[PDB]
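Notes follow the structure.
2 protein chains.
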Amino acid sequence: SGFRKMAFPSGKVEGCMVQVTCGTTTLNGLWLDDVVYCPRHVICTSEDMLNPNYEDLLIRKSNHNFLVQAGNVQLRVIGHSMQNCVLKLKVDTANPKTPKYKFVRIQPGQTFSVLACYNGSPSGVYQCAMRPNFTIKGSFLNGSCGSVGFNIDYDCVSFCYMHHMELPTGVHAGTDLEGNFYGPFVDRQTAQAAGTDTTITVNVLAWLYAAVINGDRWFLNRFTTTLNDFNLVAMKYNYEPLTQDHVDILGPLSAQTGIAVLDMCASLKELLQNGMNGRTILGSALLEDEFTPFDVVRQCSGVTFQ
Amino acid sequence: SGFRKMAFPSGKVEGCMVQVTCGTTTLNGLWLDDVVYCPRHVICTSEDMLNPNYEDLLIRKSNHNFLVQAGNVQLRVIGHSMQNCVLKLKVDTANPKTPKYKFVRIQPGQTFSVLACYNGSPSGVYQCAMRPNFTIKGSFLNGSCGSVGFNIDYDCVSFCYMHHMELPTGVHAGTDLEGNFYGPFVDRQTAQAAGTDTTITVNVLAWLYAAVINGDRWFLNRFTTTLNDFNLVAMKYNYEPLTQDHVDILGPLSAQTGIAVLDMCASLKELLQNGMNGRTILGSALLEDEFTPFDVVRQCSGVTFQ
Ligand SMILES: O=Cc1ccc(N2CCN(C(=O)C3=NC(=O)NC(=O)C3)CC2)cc1Cl
Ligand SMILES: O=Cc1ccc(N2CCN(C(=O)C3=NC(=O)NC(=O)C3)CC2)cc1Cl
Numbered sequence: 001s002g003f004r005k006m007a008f009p010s011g012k013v014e015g016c017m018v019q020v021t022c023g024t025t026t027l028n029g030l031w032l033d034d035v036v037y038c039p040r041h042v043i044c045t046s047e048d049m050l051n052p053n054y055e056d057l058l059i060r061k062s063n064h065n066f067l068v069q070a071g072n073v074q075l076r077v078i079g080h081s082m083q084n085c086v087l088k089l090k091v092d093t094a095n096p097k098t099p100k101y102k103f104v105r106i107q108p109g110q111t112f113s114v115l116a117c118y119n120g121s122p123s124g125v126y127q128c129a130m131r132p133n134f135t136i137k138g139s140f141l142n143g144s145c146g147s148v149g150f151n152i153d154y155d156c157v158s159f160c161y162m163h164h165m166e167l168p169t170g171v172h173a174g175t176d177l178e179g180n181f182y183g184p185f186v187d188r189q190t191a192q193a194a195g196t197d198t199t200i201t202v203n204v205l206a207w208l209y210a211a212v213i214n215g216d217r218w219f220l221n222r223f224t225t226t227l228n229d230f231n232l233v234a235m236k237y238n239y240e241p242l243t244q245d246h247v248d249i250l251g252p253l254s255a256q257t258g259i260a261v262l263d264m265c266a267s268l269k270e271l272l273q274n275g276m277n278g279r280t281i282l283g284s285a286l287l288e289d290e291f292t293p294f295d296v297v298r299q300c301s302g303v304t305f306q
Numbered sequence: 001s002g003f004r005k006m007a008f009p010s011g012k013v014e015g016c017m018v019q020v021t022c023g024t025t026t027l028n029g030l031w032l033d034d035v036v037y038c039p040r041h042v043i044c045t046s047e048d049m050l051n052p053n054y055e056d057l058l059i060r061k062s063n064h065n066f067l068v069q070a071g072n073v074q075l076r077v078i079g080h081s082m083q084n085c086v087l088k089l090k091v092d093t094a095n096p097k098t099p100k101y102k103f104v105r106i107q108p109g110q111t112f113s114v115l116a117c118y119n120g121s122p123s124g125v126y127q128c129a130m131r132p133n134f135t136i137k138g139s140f141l142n143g144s145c146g147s148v149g150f151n152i153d154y155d156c157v158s159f160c161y162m163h164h165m166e167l168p169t170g171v172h173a174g175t176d177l178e179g180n181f182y183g184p185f186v187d188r189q190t191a192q193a194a195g196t197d198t199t200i201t202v203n204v205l206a207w208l209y210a211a212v213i214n215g216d217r218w219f220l221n222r223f224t225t226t227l228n229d230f231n232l233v234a235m236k237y238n239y240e241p242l243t244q245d246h247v248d249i250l251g252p253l254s255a256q257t258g259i260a261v262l263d264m265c266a267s268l269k270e271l272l273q274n275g276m277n278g279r280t281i282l283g284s285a286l287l288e289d290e291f292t293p294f295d296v297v298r299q300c301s302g303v304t305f306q
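Protein chains in written order, with the authors' numbering: chain A, 1 to 306; chain A', 1 to 306. A prime marks a further copy of an entry chain.
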């Protein structure tokens, strides 16, 4: 029993984190095979941040301008190139701890683990969701750029996020590992704003199923609603609309608890219109939307990883 | 003078289009160096489309199940792999007409040219925009999957779109060339719906500047507004809000016409609240939002390409 904000074990990723220095700027890089990946704004000085011209800035660099350190061992840079917003540094030594990996782009509402790093050394791991407005509510301080987000499927690490910057509102923005930003952001130090966020409805429903599995049942009722009647109420409270695909995804949780998805939606409808009246669900006084249906199954059924 | 829906010259892309057959299914592929890229649903039969298991379907295939034809010449497949939603077919011959290229992911509101193909042979070229809901309003018939979208920057082709499917509403969905879908869509033949579309405000303003450059001035006025007052009106008409970054992007057009961006916004505000009263702008009776500021500069200043 129990339910926690659970991250993936980080060991396979810790062995890939390096420190990348260019000039007086230091941040984190990801070392897979003989390539080191890092945010391209490592080549920027204070004079360039407001409006960098990355093509000009990169042509004025040579391989020896890039200092890469894997702990104590220094890695010799033998080539460099830019792929969108990511710098790719070819090094002379292939990482012997390279796991089986792939680069995936995730969708809003999906979760992943973040390995927060400073000076190439891992500091902590936590779980977060990609918000509907393509930001993440992370925890990052100065020097954290190049920290990566990942999921583990079996023996394979799926890299999905590299950290680039913090927005004025305190939320965080980055790219996939091909260097393409999540959301309408650019790697310049100008004032950019995120669009309005919404609540991830399918995730709230998965979390309510987790509550039932763990013995929290006070919010259930005998009523049922339709997909259209629910979505009418959800839109008024800034909730993402619910699709038949979402209903199908919740299937394993509906079967395990014997509570139909549309039954659970009627309970959610009541919680939105009347609040929780000072009661809690799984130790929270708010509706939690950063657990996917798969996260709940994993933690309430026990999947491991090799 | 004049203003047309102008596409990029397609010659560099026509030489990369091939036909890919797997079983009784034929579609288009993109042949760059010694790799052919095509939608992975080429390996699906009628029995698999509703809920394909692509990992199982692919392991049951061998290289000789894939027939690749570049016109008359047949290409020998010597390897295959899956990258997200794209199949990568290694062939024995590198494409001698491979241009300088890169894979980019574009943002909603950006435009690109589509080379529509059937049986590996180019049929037509047209310009379109990536909509805010991550669909495109294309023109595709049966057999068009694997057609690509692209921009040309100097001598380099930036591939940004590969066509995968048509949604029930008649709009089109696809992936970038790394196989990651634009929008919350999956390559299954289930009923998926796009979110509500909005009008791309910065593009409408660029088009109004194009009208002024070409002598259409009847909609101008002496008024001016603020960014906040305009965005208040824009939200009511399902227009994307306008950012200071957008204002900066329109700079070259404001300078060439001597009409400040905020002046033009006041004209747009009037057109939204009163309509066009049976008058036209650049031969249209609606506000056009599929030309970017860069498209307008290119066509009203004359950039070519090598
Ligand atoms: O030339 C472009 C450019 C240059 C530098 C830059 N920064 C690097 C240093 N930063 C940090 O280490 C963070 N500090 C925080 O407080 N929070 C974080 O999440 C990360 C800030 C971003 C961003 C850009 Cl776009
Ligand atoms: O197993 C998954 C799967 C299998 C097949 C599939 N199709 C291929 C044939 N199609 C076409 O050639 C189009 N016909 C149109 O009418 N318009 C278009 O834009 C394209 C339809 C899509 C899609 C999926 Cl997702």
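Note that beta-carbon positions come from the ideal geometry of N, C-alpha and C, so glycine has one too.
- For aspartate 33 of chain A, the Cβ stays outside the 7 angstroms cut-off from all heavy atoms of ligand 1.
- In this structure, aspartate 176 of chain A' and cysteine 160 of chain A' form a Cβ contact; the two beta carbons are roughly 6 angstroms apart against a cut-off of 8 angstroms.
- Annotation: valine 233 of chain A to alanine 266 of chain A spans about 10 angstroms, alpha carbon to alpha carbon.
- Excluding the 5 residues flanking it on each side, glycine 120 of chain A has same chain C-beta neighbours closer than 6 angstroms at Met17, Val18, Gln19, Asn28, in chain order.
- Cα atoms of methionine 82 of chain A and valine 186 of chain A: separation of roughly 15 angstroms, rounded to the nearest angstrom.
- In the DSSP assignment, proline 39 of chain A is bridged to A:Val86.
- Around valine 212 of chain A, the same chain offers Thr257 as residues with beta carbons nearer than 6 angstroms, after the five sequence neighbours per side are excluded.
- Interface residue (Cβ-Cβ distance to chain A less than 8 angstroms): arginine 131 of chain A' is not classified as such.
- In the DSSP assignment, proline 122 of chain A' falls within the unbroken beta strand (DSSP E) covering 121-129.
- Exclusion of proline 108 of chain A' from the 7 angstroms shell around ligand 2 follows from its C-beta lying no nearer than that to any non-hydrogen atom of the ligand.
- Around the beta carbon of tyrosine 154 of chain A', fewer than 16 other beta carbons lie within 10 angstroms, which makes this residue exposed.
- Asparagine 53 of chain A' is classed as exposed because its beta carbon has fewer than 16 other beta carbons within 10 Å across all chains shown.
- Within the stretch 96-111 of chain A, those residues whose Cβ lies closer than 7 angstroms to any Cβ of chain A' are, in chain order, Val104, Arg105, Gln107.
- About 6 angstroms separates the CB atoms of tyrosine 118 of chain A' and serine 144 of chain A'; that is less than 8 angstroms, so the two are in contact.
- Within a 10 Å sphere around the beta-carbon of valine 73 of chain A' sit fewer than 16 other beta-carbons, which makes this residue exposed.
- Sequence-distant partners of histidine 172 of chain A (beyond 5 residues in either direction) whose C-beta falls short of 8 angstroms from its own C-beta, in its chain, are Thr135, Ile136, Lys137, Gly138, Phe140, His163, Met165, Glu166.
- Using a cutoff of 7 angstroms, the CB of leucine 57 of chain A' does not count as near ligand 2, since none of the ligand's heavy atoms is closer than that.
- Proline 184 of chain A' belongs to the set of residues whose beta carbon lies under 8 angstroms from a beta carbon in chain A.
- Remark: the shortest separation between the CB of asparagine 142 of chain A' and any heavy atom of ligand 2 falls under 7 angstroms.
- Between the C-alpha atoms of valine 91 of chain A and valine 35 of chain A there is a straight-line separation of about 6 angstroms.
- Look at the stretch 131-151 of chain A': it has no residue with a C-beta under 7 angstroms from a C-beta of chain A.
- If you look at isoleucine 152 of chain A, you'll find it isn't in any alpha helix (DSSP H); it sits in the beta strand (DSSP E) that goes 148-153.
- In terms of beta-carbon proximity, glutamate 178 of chain A' lines the interface with chain A, with at least one pair separated by less than 8 angstroms.
- In the structure shown, the three-state DSSP call for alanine 70 of chain A' is strand.
- Note that the C-beta distance between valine 114 of chain A and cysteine 128 of chain A is below 8 angstroms.
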